[PDB]
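Coordinate inspection notes
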Amino acid sequence: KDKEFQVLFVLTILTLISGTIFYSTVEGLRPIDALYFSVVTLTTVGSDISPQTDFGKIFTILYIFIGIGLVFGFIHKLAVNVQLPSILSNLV
Amino acid sequence: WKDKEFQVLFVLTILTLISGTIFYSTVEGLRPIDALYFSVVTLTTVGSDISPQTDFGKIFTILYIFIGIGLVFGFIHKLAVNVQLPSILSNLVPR
Amino acid sequence: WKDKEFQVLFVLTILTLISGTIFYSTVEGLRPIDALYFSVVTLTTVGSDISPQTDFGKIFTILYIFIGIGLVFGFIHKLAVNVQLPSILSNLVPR
Amino acid sequence: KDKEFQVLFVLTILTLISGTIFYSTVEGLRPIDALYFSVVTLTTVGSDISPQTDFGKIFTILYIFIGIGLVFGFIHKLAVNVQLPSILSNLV
Ligand SMILES: [Cl-]
Ligand SMILES: [Cl-]
Ligand SMILES: [Cl-]
Ligand SMILES: [Cl-]
Ligand SMILES: [K+]
Ligand SMILES: [K+]
Ligand SMILES: [K+]
Ligand SMILES: [K+]
Ligand SMILES: [K+]
Ligand SMILES: [K+]
Ligand SMILES: [K+]
Ligand SMILES: [K+]
Ligand SMILES: [K+]
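Before going further, it helps to examine the overall build of chain B. Secondary structure summary: chain B contains 3 helices and 0 strands in total. Along its sequence from the N terminus, chain B presents helices and strands in the succession α-α-α. Whereas a compact globule of 95 residues would reach a radius of gyration of roughly 12 Å, chain B reaches 16 Å, over 25% beyond that. Here the C-alpha coordinates of chain B stretch approximately 55 × 25 × 20 Å along the principal axes.

Protein coordination at the potassium ion (ligand 8) comes from A:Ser47 (O) and B:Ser48 (O), with a distance range of 2.9 Å. Taken as a pair, the potassium ion (ligand 8) and the potassium ion (ligand 5) show a spacing of 2.9 Å. With one member in each of two chains, A:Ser47 in the loop between α2 (31–42) and α3 (54–89) and B:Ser48 in the loop between α2 (32–43) and α3 (55–91) form a pair that bridges those chains. Each member of the pair, A:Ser47 together with B:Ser48, is buried.

For the rest of this paragraph, the subject is the interface of chain C and chain A. Each partner contributes residues to the interface: chain C has 24 residues there, and chain A has 24 residues. Between chain C and chain A the total buried area reaches about 2,000 Å² when both faces are included, carbon and sulfur atoms providing 73% of it. Between chain C and chain A we count 2 salt bridges in total. A:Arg30 serves as the salt-bridge partner of C:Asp55, at 2.7 Å between the closest nitrogen and oxygen. Counting every contact that joins chain C to chain A gives 4 residue pairs in polar contact. At the level of secondary structure, the elements contributing two or more residues to the side of chain C that touches chain A comprise α1 (4–27), α2 (32–43) and α3 (55–91) of chain C. At 11 residues, the largest contribution of residues to the side of chain C that touches chain A is made by α3(C). Tallied by class, the residues present in the side of chain C that touches chain A amount to 14 nonpolar, 6 polar and 4 charged.

All names here are of chain D. Donor atoms from the polypeptide that bind the potassium ion (ligand 12) are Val45 (O) and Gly46 (O), placed at 2.8 to 3.1 Å. A relative accessible area of 7% places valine 45 in the buried class. Relative accessible area serves as the criterion here: at 17%, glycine 46 is assigned to the buried category.

Residue and element names in this part refer to chain B. Annotation from UniProt places "transmembrane region" (unreviewed entry) at residues 8–27 and 56–76. Across residues 8–27, helical content stands at 100% and strand content at 0%; the span's end C-alpha atoms are separated by 28 Å. Secondary structure over residues 56–76 splits into 100% helix and 0% strand, and the C-alpha atoms at its two ends are 28 Å apart.

With that settled, the discussion passes to the pattern of salt bridges. This structure, assessed with the given rule, holds 16 salt bridges over all chains. Here A:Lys57 makes a salt bridge to B:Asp34, at a shortest N to O gap of 2.8 Å. In this pair, A:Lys57 is assigned in helix α3 and B:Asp34 in helix α2, connecting two distinct chains. The class for A:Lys57 is buried, based on a relative accessible area of 7%.

All names here are of chain A. As recorded in UniProt, the feature "transmembrane region" (unreviewed entry) lies at residues 7–26 and 55–75. Annotated as residues 7–26, this span is 95% helix and 0% strand, and its ends, taken at the C-alpha atoms, are 28 Å apart. Along residues 55–75 one finds 100% helix and 0% strand; the C-alpha atoms at either end are 28 Å apart.

Moving on: the packing of aromatic side chains. Within the structure shown, the criterion is met by 40 aromatic pairs over all chains. Taking the centre distance of 3.8 Å and the plane angle of 5° together, the rings of A:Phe22 and A:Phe59 count as stacked. Of this pair, A:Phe22 sits in helix α1 (residues 3–25) while A:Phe59 sits in helix α3, and the two are 37 residues apart along the sequence. Taken together, a centroid distance of 5.7 Å and an interplanar angle of 25° make the contact between D:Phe5 and D:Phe74 stacked. Of this pair, D:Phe5 sits in helix α1 (residues 3–25) while D:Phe74 sits in helix α3 (residues 54–89), and the two are 69 residues apart along the sequence. Taken together, the ring pairs connect A:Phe22, A:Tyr23, A:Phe37, A:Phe55, A:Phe59 and A:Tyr63 into an aromatic cluster.

Take the nonpolar core next. Soluble globular proteins tend to pack their nonpolar side chains together in the buried interior. Formed by 101 residues in total, the largest nonpolar core has its most connected members in B:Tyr24, B:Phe66, C:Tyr24 and C:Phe66. Once you skip the residues sitting within four places of it in the chain, C:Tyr24 turns out to touch C:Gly29, C:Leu30, C:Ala35, C:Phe38, C:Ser39, C:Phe60, C:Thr61 and C:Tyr64.

Before going further, it helps to examine the layout of surface pockets. The volume enclosed by the largest pocket comes to roughly 1,400 Å³. Lining the largest pocket are 43 residues, with A:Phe72, B:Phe73, B:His77, C:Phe73 and D:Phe72 positioned closest to its centre. Within the residue set of the lining of the largest pocket, elements represented by two or more residues are α3 of chain A, α1 (4–27) and α3 of chain B, α1 and α3 of chain C together with α3 of chain D. Broken down by class, the residue content of the lining of the largest pocket amounts to 21 nonpolar, 18 polar and 4 charged.

About the thresholds
Residues numbered from 1 in each chain as written, not as in the entry; some residues may be left out. Chains lettered and ligands numbered in written order. Heavy atoms only, no water. Residues with missing side-chain atoms left out of burial classes, pairs and counts. Helix = DSSP H or I, 4+ residues; strand = E, 2+ residues; numbered from the N terminus. Rg over C-alpha atoms; globule rule 2.2 N^0.38 Å. Donors = N, O, S within 2.8 Å, 3.2 Å for Na, K, Ca; no water. Buried < 20%, exposed > 50% of the residue type's maximum accessible area, 1.4 Å probe, protein only. Contact = heavy atoms within 4.5 Å. Buried area = accessible area lost by both parts, 1.4 Å probe. Salt bridge = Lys/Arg side-chain N within 4 Å of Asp/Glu carboxyl O. Polar contact = N/O pair within 3.5 Å; in protein donor to acceptor, adjacent residues only side chain to side chain. Nonpolar A, V, L, I, M, F, W, Y, C, P; charged D, E, K, R; others polar. UniProt positions renumbered as here; feature names shortened; annotations may be inferred. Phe/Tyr/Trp six-rings, centres within 6.5 Å; stacked < 30°, edge-to-face > 60°. Core = buried A, V, L, I, M, F, W, Y, C linked by side-chain atoms within 4.5 Å. 1 Å grid on protein atoms, 1.4 Å probe; cavity = no way out; pocket = protein on both sides within 12 Å on 5 of 7 lines; lining within 4 Å. Points joined across faces, edges and corners; volume = space filled by probe spheres on them.

Rendered as structure tokens:
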């Protein structure tokens with residue numbers, strides 16, 4: 001029972017939905033490719049493509065500053081939840 | 001204005017991004033918007049789909065990376081703790 | 001063996017990298033060494049020069065990123081504090 | 001006077017030298033491009049190329065695990081030293 005995790009999850013999903021909508025409508029990517037671009041951008045993995053429109057470039061700059069902190073907060077909380085069963089099985 | 005460290009990191013981040021925009025548009029021939037995009041994705045460690053083509057560009061980018069990552073991520077951290085986190089919390093209050 | 005959290009993160013990291021090696025060599029057709037390279041650069045956030053071409057590959061990679069980054073960086077942190085830092089310190093002692 | 005910073009600097013330079021030597025001899029890159037590859041790898045910015053030899057791929061995997069922590073420790077210490085004059089000029 002972790003409302004902090006639940007809220008971070010919601011915020012992450014909503015942020016990825018917004019990017020998917022944006023890149024699929026403004027940059028003309030298939031939904032899966034718009035989601036992929038959004039994910040590799042906010043996780044800092046990085047893309048092998050870039051936006052073609054000035055609007056898309058500006059959006060991506062702002063999207064990084066809006067979303068990078070949240071995404072890494074979520075990744076951290078996710079890691080705690082995913083590794084804890086193994087830690088506890090190896091402890092008590 | 002309450003957190004002076006945040007104020008400094010913000011100004012330094014803006015100046016760093018202006019410097020990169022000027023550099024890449026002059027030396028690497030990018031349009032200013034593409035030079036700003038390149039600077040942002042580089043200093044946040046996202047990475048661009050392109051890379052510098054000139055030796056000057058490569059050397060500058062190495063130095064810009066080392067100095068710039070620390071500042072931009074210091075700014076992102078302060079933005080998260082001083083702006084985004086309080087805004088999220090406020091927006092979760094039932095009214 | 002003294003730090004059980006480090007032990008768990010190490011094993012989980014190895015299993016995660018084996019899973020990626022198997023996945024990318026089967027679904028994306030990469031040689032195993034290229035699948036391992038891709039998995040490593042992806043989960044450390046370095047990023048590859050390539051990207052998945054199949055929709056299965058794209059979906060898997062999104063999930064692998066979210067689960068894998070946290071584990072691999074947990075491992076890197078533990079490796080730094082429990083192995084690399086004590087080794088550096090020991091190697092700086094005049095004898 | 002910061003021996004911690006001095007040591008991190010030395011370790012970083014030696015690590016970048018080793019990568020420059022490796023990628024310029026094994027992967028046939030010009031020195032500047034071997035240094036660039038080493039830097040964007042350890043800082044996690046990422047490269048638009050990859051090693052062509054199996055030896056180079058294996059080396060890069062190990063190089064990441066050997067060097068990423070040190071490089072980020074250095075980047076942090078560098079940031080403290082670079083921003084402190086501005087903070088202090090804005091304070092005392
Ligand atoms: Cl178990
Ligand atoms: Cl422009
Ligand atoms: Cl192979
Ligand atoms: Cl001053
Ligand atoms: K990338
Ligand atoms: K690329
Ligand atoms: K483009
Ligand atoms: K990239
Ligand atoms: K990165
Ligand atoms: K890359
Ligand atoms: K990257
Ligand atoms: K990159
Ligand atoms: K290659």
